[PDB]
file work-v1.cif (mmCIF, C-alpha atoms and all ligand atoms)
data_upload
#
loop_
_atom_site.label_atom_id
_atom_site.label_comp_id
_atom_site.auth_asym_id
_atom_site.auth_seq_id
_atom_site.Cartn_x
_atom_site.Cartn_y
_atom_site.Cartn_z
CA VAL N 2 -67.47 108.52 1.51
CA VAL N 3 -66.19 105.73 -0.74
CA UNK N 4 -62.69 104.35 -1.24
CA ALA N 5 -58.95 103.34 -5.21
CA UNK N 6 -58.28 101.34 -8.36
CA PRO B 201 -59.64 90.07 15.66
CA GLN B 202 -62.94 89.97 13.80
CA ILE B 203 -64.17 93.42 12.66
CA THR B 204 -67.87 94.18 12.01
CA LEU B 205 -68.94 96.91 9.57
CA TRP B 206 -71.49 98.83 11.66
CA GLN B 207 -68.88 101.55 11.99
CA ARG B 208 -65.97 102.42 9.64
CA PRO B 209 -63.30 99.79 10.19
CA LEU B 210 -60.70 102.18 11.72
CA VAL B 211 -57.47 100.77 13.15
CA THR B 212 -54.35 102.30 14.71
CA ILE B 213 -51.23 101.97 12.52
CA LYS B 214 -47.70 102.87 13.64
CA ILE B 215 -45.51 104.46 10.95
CA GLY B 216 -42.27 106.33 11.63
CA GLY B 217 -42.76 105.73 15.39
CA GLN B 218 -46.03 107.71 15.04
CA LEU B 219 -49.58 106.40 15.67
CA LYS B 220 -52.26 107.16 13.04
CA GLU B 221 -55.80 105.91 12.30
CA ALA B 222 -56.40 104.17 8.99
CA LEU B 223 -59.36 102.47 7.38
CA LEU B 224 -59.06 98.77 6.35
CA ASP B 225 -60.37 99.10 2.78
CA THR B 226 -61.04 96.04 0.69
CA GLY B 227 -62.07 98.28 -2.20
CA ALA B 228 -58.51 99.69 -2.37
CA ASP B 229 -55.81 97.98 -4.39
CA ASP B 230 -53.19 100.22 -2.76
CA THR B 231 -52.39 101.84 0.58
CA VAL B 232 -52.76 105.70 0.52
CA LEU B 233 -51.80 107.83 3.50
CA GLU B 234 -52.44 111.54 3.97
CA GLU B 235 -49.47 113.83 3.36
CA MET B 236 -46.54 112.84 5.57
CA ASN B 237 -42.75 112.86 5.60
CA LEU B 238 -41.53 109.47 4.34
CA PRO B 239 -37.95 108.33 3.77
CA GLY B 240 -36.30 107.85 0.42
CA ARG B 241 -37.21 108.56 -3.20
CA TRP B 242 -40.76 108.47 -4.45
CA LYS B 243 -41.96 107.72 -7.93
CA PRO B 244 -45.09 109.08 -9.62
CA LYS B 245 -48.33 107.09 -9.60
CA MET B 246 -51.86 107.90 -10.79
CA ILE B 247 -54.83 106.34 -8.98
CA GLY B 248 -58.60 106.39 -9.70
CA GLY B 249 -61.28 106.95 -7.05
CA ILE B 250 -64.94 107.73 -6.94
CA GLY B 251 -64.20 111.32 -8.01
CA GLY B 252 -61.61 110.70 -10.77
CA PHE B 253 -57.79 110.24 -10.94
CA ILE B 254 -55.21 112.02 -8.72
CA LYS B 255 -51.39 111.96 -8.70
CA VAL B 256 -49.66 110.50 -5.61
CA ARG B 257 -46.07 109.93 -4.56
CA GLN B 258 -45.08 106.26 -4.27
CA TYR B 259 -42.67 104.94 -1.63
CA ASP B 260 -41.47 101.35 -1.43
CA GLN B 261 -40.52 99.22 1.46
CA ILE B 262 -42.29 101.18 4.16
CA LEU B 263 -42.70 99.27 7.37
CA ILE B 264 -46.12 99.77 8.90
CA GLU B 265 -47.55 98.04 11.98
CA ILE B 266 -51.31 97.46 11.69
CA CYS B 267 -52.69 96.33 15.04
CA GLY B 268 -49.23 95.24 15.97
CA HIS B 269 -49.07 93.26 12.72
CA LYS B 270 -45.88 94.21 10.89
CA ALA B 271 -46.19 94.89 7.15
CA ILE B 272 -43.54 96.09 4.71
CA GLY B 273 -44.67 97.42 1.35
CA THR B 274 -45.65 100.17 -0.99
CA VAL B 275 -47.36 103.22 0.46
CA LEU B 276 -48.88 106.04 -1.58
CA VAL B 277 -49.15 109.62 -0.23
CA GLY B 278 -51.60 112.20 -1.64
CA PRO B 279 -54.88 113.93 -0.85
CA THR B 280 -57.03 111.24 0.72
CA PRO B 281 -60.02 111.83 2.98
CA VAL B 282 -58.40 109.38 5.43
CA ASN B 283 -55.48 106.99 5.62
CA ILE B 284 -56.53 103.79 3.83
CA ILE B 285 -54.86 100.35 4.07
CA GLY B 286 -55.45 98.66 0.70
CA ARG B 287 -55.26 95.01 -0.33
CA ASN B 288 -51.45 95.26 -0.79
CA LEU B 289 -50.97 95.39 2.98
CA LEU B 290 -54.22 93.64 3.93
CA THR B 291 -52.95 90.40 2.35
CA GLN B 292 -49.64 90.82 4.23
CA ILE B 293 -51.37 90.73 7.62
CA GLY B 294 -53.68 87.92 6.51
CA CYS B 295 -56.95 89.84 6.27
CA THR B 296 -59.98 88.10 4.76
CA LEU B 297 -63.62 89.12 4.30
CA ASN B 298 -66.00 86.44 5.73
CA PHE B 299 -69.79 85.95 5.55
CA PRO P 1 -67.46 82.15 2.11
CA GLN P 2 -64.03 83.45 3.12
CA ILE P 3 -62.69 85.75 0.41
CA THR P 4 -58.94 86.48 0.31
CA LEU P 5 -57.71 89.85 -0.99
CA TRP P 6 -55.06 88.74 -3.47
CA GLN P 7 -57.60 89.93 -6.04
CA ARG P 8 -60.38 92.47 -6.06
CA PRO P 9 -63.19 91.01 -4.00
CA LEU P 10 -65.81 90.99 -6.84
CA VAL P 11 -69.11 89.06 -6.51
CA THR P 12 -72.31 88.88 -8.65
CA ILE P 13 -75.29 90.83 -7.42
CA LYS P 14 -78.86 90.48 -8.59
CA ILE P 15 -80.53 93.85 -8.61
CA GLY P 16 -83.94 94.36 -10.17
CA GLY P 17 -83.68 91.25 -12.22
CA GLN P 18 -80.24 92.28 -13.50
CA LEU P 19 -77.14 90.27 -12.66
CA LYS P 20 -74.15 92.53 -11.97
CA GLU P 21 -70.65 92.49 -10.67
CA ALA P 22 -69.70 94.58 -7.67
CA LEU P 23 -66.83 95.25 -5.30
CA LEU P 24 -67.23 94.43 -1.60
CA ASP P 25 -65.75 97.70 -0.27
CA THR P 26 -65.23 97.99 3.51
CA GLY P 27 -64.02 101.51 2.73
CA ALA P 28 -67.41 102.66 1.38
CA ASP P 29 -70.04 103.86 3.82
CA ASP P 30 -72.68 103.32 1.15
CA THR P 31 -73.45 101.17 -1.87
CA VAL P 32 -72.98 103.04 -5.12
CA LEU P 33 -74.13 101.51 -8.39
CA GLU P 34 -73.31 102.55 -11.94
CA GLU P 35 -76.05 104.55 -13.70
CA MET P 36 -79.40 102.80 -13.98
CA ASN P 37 -83.08 103.30 -13.55
CA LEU P 38 -84.43 102.07 -10.26
CA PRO P 39 -88.09 102.55 -9.40
CA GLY P 40 -89.29 104.75 -6.56
CA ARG P 41 -88.50 108.39 -5.91
CA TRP P 42 -84.97 109.58 -5.27
CA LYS P 43 -82.99 112.32 -3.60
CA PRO P 44 -79.73 113.88 -4.83
CA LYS P 45 -76.71 113.42 -2.65
CA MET P 46 -73.04 114.06 -3.06
CA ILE P 47 -70.50 111.38 -2.14
CA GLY P 48 -66.75 111.85 -1.96
CA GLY P 49 -63.56 109.97 -2.15
CA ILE P 50 -60.33 109.89 -4.00
CA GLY P 51 -60.59 112.51 -6.69
CA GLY P 52 -63.42 114.49 -5.04
CA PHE P 53 -67.21 114.35 -5.13
CA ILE P 54 -69.78 112.93 -7.54
CA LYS P 55 -73.56 113.68 -7.41
CA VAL P 56 -75.69 110.50 -7.12
CA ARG P 57 -79.43 109.74 -6.79
CA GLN P 58 -80.25 108.01 -3.48
CA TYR P 59 -82.95 105.29 -3.44
CA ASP P 60 -84.14 103.90 -0.11
CA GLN P 61 -85.02 100.35 0.73
CA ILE P 62 -83.81 98.65 -2.46
CA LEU P 63 -83.46 94.83 -2.32
CA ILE P 64 -80.14 93.37 -3.52
CA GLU P 65 -79.01 89.78 -3.33
CA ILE P 66 -75.29 89.62 -2.66
CA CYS P 67 -73.95 86.17 -3.39
CA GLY P 68 -77.40 84.73 -2.84
CA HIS P 69 -78.20 86.57 0.39
CA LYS P 70 -80.86 89.26 0.47
CA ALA P 71 -80.22 92.71 1.80
CA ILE P 72 -82.35 95.87 1.95
CA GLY P 73 -80.78 99.32 2.07
CA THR P 74 -79.99 102.66 0.47
CA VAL P 75 -78.51 102.40 -2.99
CA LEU P 76 -76.86 105.44 -4.64
CA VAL P 77 -76.60 105.47 -8.46
CA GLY P 78 -74.13 107.75 -10.21
CA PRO P 79 -71.10 108.03 -12.47
CA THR P 80 -69.11 105.46 -10.50
CA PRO P 81 -66.30 103.57 -12.23
CA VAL P 82 -67.39 100.28 -10.65
CA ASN P 83 -70.39 98.93 -8.75
CA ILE P 84 -69.61 99.08 -5.06
CA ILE P 85 -71.20 97.25 -2.16
CA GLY P 86 -70.70 99.40 0.95
CA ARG P 87 -70.93 98.91 4.72
CA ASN P 88 -74.69 99.56 4.75
CA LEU P 89 -75.38 96.24 2.92
CA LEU P 90 -72.26 94.33 4.00
CA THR P 91 -73.47 94.38 7.59
CA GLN P 92 -76.78 92.95 6.33
CA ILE P 93 -75.21 89.76 5.01
CA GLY P 94 -73.01 89.27 8.14
CA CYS P 95 -69.81 90.41 6.52
CA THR P 96 -66.76 90.71 8.76
CA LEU P 97 -63.03 91.42 8.31
CA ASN P 98 -60.81 88.97 10.17
CA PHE P 99 -57.08 88.69 10.89
CL CL N 301 -46.59 96.18 -1.41
CL CL N 302 -78.97 101.72 4.35
#
call {"tool": "encode", "arguments": {"input": "work-v1.cif", "output": "structure tokens"}}
result
Amino acid sequence: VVXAX
Amino acid sequence: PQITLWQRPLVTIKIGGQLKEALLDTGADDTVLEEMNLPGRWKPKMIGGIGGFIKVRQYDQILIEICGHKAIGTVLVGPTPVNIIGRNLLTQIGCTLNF
Amino acid sequence: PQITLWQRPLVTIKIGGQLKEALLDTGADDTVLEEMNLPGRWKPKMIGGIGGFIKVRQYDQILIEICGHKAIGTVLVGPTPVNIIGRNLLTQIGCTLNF
């Protein structure tokens, strides 16, 4: 998993 | 404390007298928590992720304790894989990346 | 160096002779780069996050220099909005989170 702008 | 990255950087946060696990996420501008009852009015906010944009509810002035560090700021609530503490709150508790 | 999080933690990476900009993301298990041709064979993988899942090509043992330091690891390439340095390579350079 990867995380937000 | 000094946190290594061998494992996801998961910490315990206290919000609404409840304990939750959240990821310290330097790649997140904002703090996004999984669906939960928060107090007051929310305003609409769109955020981008690896998969695209989603709509979230925005709450201001939420007190959160991250490792007993008190923070007061904006918290977003929407469909997130896990609770994520973004740079808005990370800077409030004095988090820095070092190498 | 000690990076503060008032801004996005962006650094220059040198990958396969190309100089790029990437996000040091402690909320990313893996490094995901924007679309590019990397040598060696690859395997399809799906990675998720905010907004859902994207399909990426996984390349093993790629060398990346992050801020001058060398790191070897898996590198995913896909339709990512920004280049992201994940935990897999951050550990390699001795990155920690402190507060
Ligand atoms: Cl805030
Ligand atoms: Cl790896």
call {"tool": "residues_near_ligand", "arguments": {"input": "work-v1.cif", "ligand": "ligand CL 302 (chain N)", "cutoff": "9 Å", "atoms": "only C-alpha atoms and all ligand atoms", "output": "list in words"}}
result
residues 30, 31, 60, 61, 62, 72, 73, 74, 75, 87, 88 and 89 of chain P
call {"tool": "atom_distance", "arguments": {"input": "work-v1.cif", "atom1": "CA of residue 280 in chain B", "atom2": "CA of residue 265 in chain B"}}
result
19.8 Å
call {"tool": "interface_residues", "arguments": {"input": "work-v1.cif", "of": "chain B", "to": "chain N", "cutoff": "6 Å", "atoms": "all atoms listed in the file", "output": "number ranges by chain"}}
result
B: 228-229, 248-249
call {"tool": "write_last_selection", "arguments": {"input": "work-v1.cif", "atoms": "C-alpha atoms", "output": "PDB file, in the frame of the given file"}}
result
ATOM      1  CA  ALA B 228     -58.510  99.690  -2.370  1.00  0.00           C
ATOM      2  CA  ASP B 229     -55.810  97.980  -4.390  1.00  0.00           C
ATOM      3  CA  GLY B 248     -58.600 106.390  -9.700  1.00  0.00           C
ATOM      4  CA  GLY B 249     -61.280 106.950  -7.050  1.00  0.00           C
TER       5      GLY B 249
END
call {"tool": "residues_near_point", "arguments": {"input": "work-v1.cif", "point": "(-48.9, 100.2, 7.3)", "cutoff": "12 Å", "atoms": "all atoms listed in the file", "output": "ChimeraX atom specification"}}
result
/B:211-224,230-233,259-276,283-293
call {"tool": "write_last_selection", "arguments": {"input": "work-v1.cif", "atoms": "C-alpha atoms", "output": "compact mmCIF listing (two decimals), in the frame of the given file"}}
result
# COMPACT_ATOMS: atom_id res chain seq x y z
CA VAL B 211 -57.47 100.77 13.15
CA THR B 212 -54.35 102.30 14.71
CA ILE B 213 -51.23 101.97 12.52
CA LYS B 214 -47.70 102.87 13.64
CA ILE B 215 -45.51 104.46 10.95
CA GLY B 216 -42.27 106.33 11.63
CA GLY B 217 -42.76 105.73 15.39
CA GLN B 218 -46.03 107.71 15.04
CA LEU B 219 -49.58 106.40 15.67
CA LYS B 220 -52.26 107.16 13.04
CA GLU B 221 -55.80 105.91 12.30
CA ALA B 222 -56.40 104.17 8.99
CA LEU B 223 -59.36 102.47 7.38
CA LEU B 224 -59.06 98.77 6.35
CA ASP B 230 -53.19 100.22 -2.76
CA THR B 231 -52.39 101.84 0.58
CA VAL B 232 -52.76 105.70 0.52
CA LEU B 233 -51.80 107.83 3.50
CA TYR B 259 -42.67 104.94 -1.63
CA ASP B 260 -41.47 101.35 -1.43
CA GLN B 261 -40.52 99.22 1.46
CA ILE B 262 -42.29 101.18 4.16
CA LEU B 263 -42.70 99.27 7.37
CA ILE B 264 -46.12 99.77 8.90
CA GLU B 265 -47.55 98.04 11.98
CA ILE B 266 -51.31 97.46 11.69
CA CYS B 267 -52.69 96.33 15.04
CA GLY B 268 -49.23 95.24 15.97
CA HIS B 269 -49.07 93.26 12.72
CA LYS B 270 -45.88 94.21 10.89
CA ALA B 271 -46.19 94.89 7.15
CA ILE B 272 -43.54 96.09 4.71
CA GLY B 273 -44.67 97.42 1.35
CA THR B 274 -45.65 100.17 -0.99
CA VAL B 275 -47.36 103.22 0.46
CA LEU B 276 -48.88 106.04 -1.58
CA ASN B 283 -55.48 106.99 5.62
CA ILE B 284 -56.53 103.79 3.83
CA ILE B 285 -54.86 100.35 4.07
CA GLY B 286 -55.45 98.66 0.70
CA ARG B 287 -55.26 95.01 -0.33
CA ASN B 288 -51.45 95.26 -0.79
CA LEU B 289 -50.97 95.39 2.98
CA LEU B 290 -54.22 93.64 3.93
CA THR B 291 -52.95 90.40 2.35
CA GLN B 292 -49.64 90.82 4.23
CA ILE B 293 -51.37 90.73 7.62
call {"tool": "atom_distance", "arguments": {"input": "work-v1.cif", "atom1": "CA of residue 297 in chain B", "atom2": "CA of residue 253 in chain B"}}
result
26.7 Å
call {"tool": "atom_distance", "arguments": {"input": "work-v1.cif", "atom1": "CA of residue 210 in chain B", "atom2": "CA of residue 236 in chain B"}}
result
18.8 Å
call {"tool": "closest_residue", "arguments": {"input": "work-v1.cif", "among": "P:42, P:78, P:96, P:34", "to": "chain B", "atoms": "all atoms listed in the file"}}
result
P:96
call {"tool": "closest_residue", "arguments": {"input": "work-v1.cif", "among": "P:95, P:6, P:51, P:1", "to": "ligand CL 301 (chain N)", "atoms": "only C-alpha atoms and all ligand atoms"}}
result
P:6
call {"tool": "closest_residue", "arguments": {"input": "work-v1.cif", "among": "P:58, P:44, P:27, P:39", "to": "chain B", "atoms": "all atoms listed in the file"}}
result
P:27
call {"tool": "closest_residue", "arguments": {"input": "work-v1.cif", "among": "P:99, P:56, P:77, P:46", "to": "chain B", "atoms": "all atoms listed in the file"}}
result
P:99
call {"tool": "closest_residue", "arguments": {"input": "work-v1.cif", "among": "P:94, P:55, P:45, P:82", "to": "chain B", "atoms": "all atoms listed in the file"}}
result
P:94
call {"tool": "axis_aligned_box", "arguments": {"input": "work-v1.cif", "around": "range 260-267 of chain B", "padding_each_side": "5 Å", "output": "JSON"}}
result
{"center_x": -46.6, "center_y": 98.8, "center_z": 6.8, "size_x": 22.2, "size_y": 15.0, "size_z": 26.5}
call {"tool": "build_atoms", "arguments": {"input": "work-v1.cif", "residues": "range 232-263 of chain B", "atoms": "N, CA and C atoms", "output": "PDB file, in the coordinates of the input"}}
result
ATOM      1  N   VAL B 232     -52.896 104.244   0.680  1.00  0.00           N
ATOM      2  CA  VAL B 232     -52.760 105.700   0.520  1.00  0.00           C
ATOM      3  C   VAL B 232     -52.889 106.358   1.903  1.00  0.00           C
ATOM      4  N   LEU B 233     -51.903 107.102   2.279  1.00  0.00           N
ATOM      5  CA  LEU B 233     -51.800 107.830   3.500  1.00  0.00           C
ATOM      6  C   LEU B 233     -51.822 109.341   3.172  1.00  0.00           C
ATOM      7  N   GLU B 234     -52.401 110.056   4.138  1.00  0.00           N
ATOM      8  CA  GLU B 234     -52.440 111.540   3.970  1.00  0.00           C
ATOM      9  C   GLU B 234     -50.989 112.035   4.010  1.00  0.00           C
ATOM     10  N   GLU B 235     -50.770 113.200   3.411  1.00  0.00           N
ATOM     11  CA  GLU B 235     -49.470 113.830   3.360  1.00  0.00           C
ATOM     12  C   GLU B 235     -48.667 113.629   4.646  1.00  0.00           C
ATOM     13  N   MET B 236     -47.452 113.101   4.456  1.00  0.00           N
ATOM     14  CA  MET B 236     -46.540 112.840   5.570  1.00  0.00           C
ATOM     15  C   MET B 236     -45.102 112.696   5.078  1.00  0.00           C
ATOM     16  N   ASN B 237     -44.168 112.960   5.980  1.00  0.00           N
ATOM     17  CA  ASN B 237     -42.750 112.860   5.600  1.00  0.00           C
ATOM     18  C   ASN B 237     -42.362 111.375   5.562  1.00  0.00           C
ATOM     19  N   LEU B 238     -41.980 110.897   4.378  1.00  0.00           N
ATOM     20  CA  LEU B 238     -41.530 109.470   4.340  1.00  0.00           C
ATOM     21  C   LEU B 238     -40.086 109.504   3.831  1.00  0.00           C
ATOM     22  N   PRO B 239     -39.345 108.473   4.157  1.00  0.00           N
ATOM     23  CA  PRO B 239     -37.950 108.330   3.770  1.00  0.00           C
ATOM     24  C   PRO B 239     -37.726 107.684   2.417  1.00  0.00           C
ATOM     25  N   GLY B 240     -36.777 108.300   1.731  1.00  0.00           N
ATOM     26  CA  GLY B 240     -36.300 107.850   0.420  1.00  0.00           C
ATOM     27  C   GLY B 240     -36.909 108.583  -0.769  1.00  0.00           C
ATOM     28  N   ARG B 241     -36.705 108.026  -1.940  1.00  0.00           N
ATOM     29  CA  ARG B 241     -37.210 108.560  -3.200  1.00  0.00           C
ATOM     30  C   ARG B 241     -38.626 108.058  -3.408  1.00  0.00           C
ATOM     31  N   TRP B 242     -39.363 108.850  -4.113  1.00  0.00           N
ATOM     32  CA  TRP B 242     -40.760 108.470  -4.450  1.00  0.00           C
ATOM     33  C   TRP B 242     -40.783 108.483  -5.973  1.00  0.00           C
ATOM     34  N   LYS B 243     -41.794 107.762  -6.447  1.00  0.00           N
ATOM     35  CA  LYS B 243     -41.960 107.720  -7.930  1.00  0.00           C
ATOM     36  C   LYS B 243     -43.403 108.105  -8.135  1.00  0.00           C
ATOM     37  N   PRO B 244     -43.756 108.620  -9.288  1.00  0.00           N
ATOM     38  CA  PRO B 244     -45.090 109.080  -9.620  1.00  0.00           C
ATOM     39  C   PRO B 244     -46.074 107.934  -9.850  1.00  0.00           C
ATOM     40  N   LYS B 245     -47.326 108.117  -9.433  1.00  0.00           N
ATOM     41  CA  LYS B 245     -48.330 107.090  -9.600  1.00  0.00           C
ATOM     42  C   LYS B 245     -49.698 107.781  -9.675  1.00  0.00           C
ATOM     43  N   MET B 246     -50.502 107.348 -10.579  1.00  0.00           N
ATOM     44  CA  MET B 246     -51.860 107.900 -10.790  1.00  0.00           C
ATOM     45  C   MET B 246     -52.821 106.847 -10.233  1.00  0.00           C
ATOM     46  N   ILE B 247     -53.850 107.282  -9.524  1.00  0.00           N
ATOM     47  CA  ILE B 247     -54.830 106.340  -8.980  1.00  0.00           C
ATOM     48  C   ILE B 247     -56.227 106.883  -9.291  1.00  0.00           C
ATOM     49  N   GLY B 248     -57.171 105.975  -9.404  1.00  0.00           N
ATOM     50  CA  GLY B 248     -58.600 106.390  -9.700  1.00  0.00           C
ATOM     51  C   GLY B 248     -59.398 106.192  -8.422  1.00  0.00           C
ATOM     52  N   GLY B 249     -60.414 106.994  -8.226  1.00  0.00           N
ATOM     53  CA  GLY B 249     -61.280 106.950  -7.050  1.00  0.00           C
ATOM     54  C   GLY B 249     -62.666 107.204  -7.551  1.00  0.00           C
ATOM     55  N   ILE B 250     -63.530 107.457  -6.581  1.00  0.00           N
ATOM     56  CA  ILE B 250     -64.940 107.730  -6.940  1.00  0.00           C
ATOM     57  C   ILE B 250     -65.001 109.036  -7.718  1.00  0.00           C
ATOM     58  N   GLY B 251     -64.165 109.995  -7.348  1.00  0.00           N
ATOM     59  CA  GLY B 251     -64.200 111.320  -8.010  1.00  0.00           C
ATOM     60  C   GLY B 251     -63.412 111.461  -9.276  1.00  0.00           C
ATOM     61  N   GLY B 252     -62.450 110.630  -9.571  1.00  0.00           N
ATOM     62  CA  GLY B 252     -61.610 110.700 -10.770  1.00  0.00           C
ATOM     63  C   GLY B 252     -60.195 110.214 -10.356  1.00  0.00           C
ATOM     64  N   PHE B 253     -59.220 110.569 -11.120  1.00  0.00           N
ATOM     65  CA  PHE B 253     -57.790 110.240 -10.940  1.00  0.00           C
ATOM     66  C   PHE B 253     -57.046 111.368 -10.257  1.00  0.00           C
ATOM     67  N   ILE B 254     -56.066 111.101  -9.437  1.00  0.00           N
ATOM     68  CA  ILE B 254     -55.210 112.020  -8.720  1.00  0.00           C
ATOM     69  C   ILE B 254     -53.765 111.465  -8.871  1.00  0.00           C
ATOM     70  N   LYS B 255     -52.799 112.334  -8.624  1.00  0.00           N
ATOM     71  CA  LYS B 255     -51.390 111.960  -8.700  1.00  0.00           C
ATOM     72  C   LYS B 255     -50.948 111.744  -7.267  1.00  0.00           C
ATOM     73  N   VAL B 256     -50.138 110.782  -6.972  1.00  0.00           N
ATOM     74  CA  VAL B 256     -49.660 110.500  -5.610  1.00  0.00           C
ATOM     75  C   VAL B 256     -48.173 110.212  -5.747  1.00  0.00           C
ATOM     76  N   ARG B 257     -47.512 110.253  -4.636  1.00  0.00           N
ATOM     77  CA  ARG B 257     -46.070 109.930  -4.560  1.00  0.00           C
ATOM     78  C   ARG B 257     -46.010 108.482  -4.043  1.00  0.00           C
ATOM     79  N   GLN B 258     -45.222 107.662  -4.692  1.00  0.00           N
ATOM     80  CA  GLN B 258     -45.080 106.260  -4.270  1.00  0.00           C
ATOM     81  C   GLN B 258     -43.780 105.940  -3.594  1.00  0.00           C
ATOM     82  N   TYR B 259     -43.807 105.365  -2.410  1.00  0.00           N
ATOM     83  CA  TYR B 259     -42.670 104.940  -1.630  1.00  0.00           C
ATOM     84  C   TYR B 259     -42.735 103.417  -1.449  1.00  0.00           C
ATOM     85  N   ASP B 260     -41.596 102.755  -1.650  1.00  0.00           N
ATOM     86  CA  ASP B 260     -41.470 101.350  -1.430  1.00  0.00           C
ATOM     87  C   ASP B 260     -40.706 101.039  -0.141  1.00  0.00           C
ATOM     88  N   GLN B 261     -41.101  99.865   0.311  1.00  0.00           N
ATOM     89  CA  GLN B 261     -40.520  99.220   1.460  1.00  0.00           C
ATOM     90  C   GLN B 261     -40.732  99.993   2.742  1.00  0.00           C
ATOM     91  N   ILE B 262     -41.976 100.429   2.928  1.00  0.00           N
ATOM     92  CA  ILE B 262     -42.290 101.180   4.160  1.00  0.00           C
ATOM     93  C   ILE B 262     -42.789 100.135   5.143  1.00  0.00           C
ATOM     94  N   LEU B 263     -42.223 100.168   6.305  1.00  0.00           N
ATOM     95  CA  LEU B 263     -42.700  99.270   7.370  1.00  0.00           C
ATOM     96  C   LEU B 263     -43.866  99.995   8.078  1.00  0.00           C
TER      97      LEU B 263
END
